[PDB]
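First to last, the protein sequences are chains C and B. Every letter in the first sequence is one number past the one before it in PDB author numbering, and letter 35, counting from 1, is 184. Using PDB author numbering, the letters of the second sequence correspond one by one to residues 395 to 408, 411 to 443.
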Amino acid sequence: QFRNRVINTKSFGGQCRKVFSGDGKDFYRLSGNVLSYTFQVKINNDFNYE
Amino acid sequence: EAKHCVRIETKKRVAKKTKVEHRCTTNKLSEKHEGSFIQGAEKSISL
């Protein structure tokens with residue numbers, strides 16, 4: 150299970166680090182220290198009829 | 395269908413005596429064996 154908040158994910162460090170989500174068609178502000186955050190999509194589907 | 399049907403008769407005279417008999421034993425049988433079995437499967441996988 151995921152437990153409680155350990156890391157501050159929103160310390161912007163005074164940077165204006167915009168990313169355009171592309172997906173979601175909006176701009177989001179990343180924290181100054183996150184190594185990456187990206188929005189390419191994957192989908193997986195499996196059917197088993199029997 | 396199976397049948398065994400037999401008729402016997404006899405007269406004898408000396411006084412007279414007679415006997416006559418008929419038997420007919422029979423069988424009929426039918427069996428019907430109707431049956432069906434359909435089966436199937438589908439995998440689908442997409443990425």
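For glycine and all other residues, C-beta sits at the position ideal for the given N, C-alpha and C.
Three-state secondary structure (DSSP) of residue i
i                     : result
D172 (chain C)        : helix
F188 (chain C)        : coil
residue 101 (chain C) : In the structure displayed, chain C extends from 150 to 199; residue 101 (chain C) sits before or after that span and is not available.
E417 (chain B)        : strand
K406 (chain B)        : strand
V155 (chain C)        : coil
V183 (chain C)        : coil
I441 (chain B)        : strand
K397 (chain B)        : strand
Neighbourhood of residue i by C-beta, 6 Å cutoff - its chain only, sequence neighbours within 5 removed
i              : result
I402 (chain B) : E417
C399 (chain B) : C420
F176 (chain C) : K167 and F169
Nearest-angstrom Cβ-Cβ length linking residue i and residue j, presumed shorter than 8 Å
i              : j              : result
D195 (chain C) : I441 (chain B) : 5 Å
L184 (chain C) : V168 (chain C) : Not a contact, Cβ separation roughly 13 Å.
Member of the options whose CA lies at the smallest distance from the CA of residue i
i                     : options                           : result
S160 (chain C)        : C:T187, C:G181, C:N197 and C:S170 : C:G181
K439 (chain B)        : C:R154, C:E199, C:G173 and C:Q164 : C:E199
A396 (chain B)        : B:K406, B:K428, B:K424 and B:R407 : B:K424
residue 204 (chain C) : C:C165, C:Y186 and C:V155         : Not covered by the structure: residue 204 (chain C). The range shown for chain C is 150 to 199.
Cut-off 8 Å between Cβ atoms - residues of its own chain near residue i, not counting five sequence neighbours on either side
i              : result
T404 (chain B) : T414, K415 and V416
Which residues, in chain order, does the stretch 164 to 195 of chain C contribute to contact with chain B at a C-beta distance below 8 Å? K191, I192, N193, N194 and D195
Listed in chain order, which residues of the stretch 424 to 436 of chain B have Cβ atoms closer than 7 Å to some Cβ of chain C? none
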